[PDB]
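All chains are named by letter (A, B, ...) in the order of the sequence lines, taking the proteins before the strands, and each is independently numbered beginning at 1. The figures that follow rest on heavy atoms only: side chains count, while hydrogens, waters and symmetry mates do not.
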Number of protein chains: 2
Amino acid sequence: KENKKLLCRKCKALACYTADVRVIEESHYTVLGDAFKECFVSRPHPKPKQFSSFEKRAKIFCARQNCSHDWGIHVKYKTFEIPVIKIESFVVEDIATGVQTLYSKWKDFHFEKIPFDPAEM
Amino acid sequence: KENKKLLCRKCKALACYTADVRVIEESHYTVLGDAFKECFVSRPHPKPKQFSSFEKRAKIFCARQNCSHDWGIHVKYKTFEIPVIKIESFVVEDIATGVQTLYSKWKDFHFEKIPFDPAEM
RNA sequence: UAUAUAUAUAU
RNA sequence: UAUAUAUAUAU
Ligand SMILES: [Zn+2]
Ligand SMILES: [Zn+2]
């Protein structure tokens with residue numbers, strides 16, 4: 001459907017665009033592009049676990065100064081070291097109207113969800 | 001809508017019927033009749049509190065022999081003494097089919113909601 | 001991602 | 001009844 005903006009729920013900075021979001025194993029969400037990389041910062045995870053093919057390695061936060069909002073975690077998937085975000089950490093903004101939407105769960109967010117793909121990478 | 005049975009989620013005993021349920025201030029639920037009063041027991045509330053029109057005085061549980069499953073509270077609303085239940089403690093069973101539903105919030109339970117009325121009482 | 005327990009705040 | 005924080009279980 002419509003491409004939208006994901007903003008940091010705390011400082012409202014543009015984190016990324018739904019178009020760059022990919023779905024892993026139908027329930028986890030990752031973001032593509034070197035752009036989102038300059039948008040978050042990591043920190044070793046207090047209790048790194050391994051469920052299915054992920055290995056919870058660190059935690060991620062908004063890179064902005066006085067913000068540092070918790071955005072989820074960073075993991076090791078297939079051969080990939082990628083981030084995994086929670087929508088509860090951003091504000092979705094319709095680019096046309098400016099209307100903002102607060103989701104707590106990725107299930108309620110009905111955008112065109114695109115499967116993750118190694119090939120892209 | 002359909003008149004249904006309310007069973008104790010724990011021991012599955014019959015607590016009441018939706019016909020006898022009355023909604024208060026549009027978000028609080030009580031049950032009418034003496035019959036239901038015989039289905040539960042109460043204990044003076046540990047943390048009694050007063051809120052817009054109620055005065056939380058006690059906690060009510062399933063009176064059934066070896067269950068005593070927490071069912072909600074018992075309050076002083078206006079000049080009355082009525083029990084306030086949470087659907088979370090019950091199993092809604094459809095009488096005609098026997099089908100059962102587990103609600104966590106009354107907002108999701110869609111039956112015919114008769115507003116509490118002093119004239120009845 | 002989800003399940004469960006626990007206090008704390010509001011009417 | 002609604003919100004917020006906190007630990008444990010699961011993949
Ligand atoms: Zn931020
Ligand atoms: Zn019971």
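- A cation-pi arrangement is present between B:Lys59 and B:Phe61, with the terminal nitrogen or guanidinium carbon under 6.0 Å from the aromatic centre and inside a 45° cone about the axis.
- The interatomic distance linking A:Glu26 (CD) with C:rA2 (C1') rounds to 15 Å, in whole Å.
- Taking the six-membered ring where the residue is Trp, the centroids of B:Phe116 and B:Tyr77 are separated by under 6.0 Å.
- Proximity note for B:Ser52 (side chain, C-beta onward) versus C:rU1, C:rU11, D:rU9: the nearest is C:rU11.
- The aromatic rings of B:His74 and B:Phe40 are tilted relative to each other, their planes meeting at an angle between 30° and 60°.
- Whole-Å rounding puts the B:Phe116 CZ to D:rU1 P distance at 17 Å.
- Atom CD of B:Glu88 is separated from atom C1' of C:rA4 by 11 Å (rounded to the nearest Å).
- Rounded to whole Å, the distance from NZ on B:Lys56 to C1' on D:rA2 is 13 Å.
- The neighbour count for B:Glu25 CD, taken as heavy atoms of other residues, nucleotides or ligands under 6.0 Å away, is above 12.
- Of the N and O atoms on the side chains of B:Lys113 and B:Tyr29, at least one donor lies less than 3.5 Å from an acceptor on the other residue.
- An OP1 or OP2 oxygen of D:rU3 is reached within less than 4.0 angstrom by a side-chain nitrogen or oxygen of B:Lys105.
- Rounded to an integer number of Å, the gap from A:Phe109 CZ to C:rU1 P is 14 Å.
- The side chain of A:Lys107 sits closest to C:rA2 out of C:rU1, C:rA2, D:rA10.
- Aromatic ring pairs are classed by plane angle as parallel below 30°, tilted from 30° to 60° and perpendicular above 60°; the pair A:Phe109 and A:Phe111 is tilted.
- Of all nucleotides listed (D:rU9, D:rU1, C:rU1), D:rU9 comes nearest to the side chain of A:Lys49.
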* **Structure string for RNA chain D in dot-bracket form, Watson-Crick and G-U at under 3.5 Å, | interchain** => ||..||.||..
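- Atoms NE2 (B:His28) and P (D:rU1) sit 8 Å apart, rounded to a whole Å.
- RNA chain C is contacted by both B:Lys47 and B:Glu25; B:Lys47 maps to the nucleotide lying nearer its 5′ end (nearest heavy atom per residue).
- The side chain of A:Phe51 approaches D:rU11 more closely than any other nucleotide in the set C:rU1, C:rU11, D:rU11.
- Across the protein-nucleic acid pair, A:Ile82 atom CD1 and C:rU1 atom P stand 14 Å apart, rounded to whole Å.
- Contact detail for A:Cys39 and A:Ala15: the closest heavy-atom pair is SG-O, 3.9 Å.
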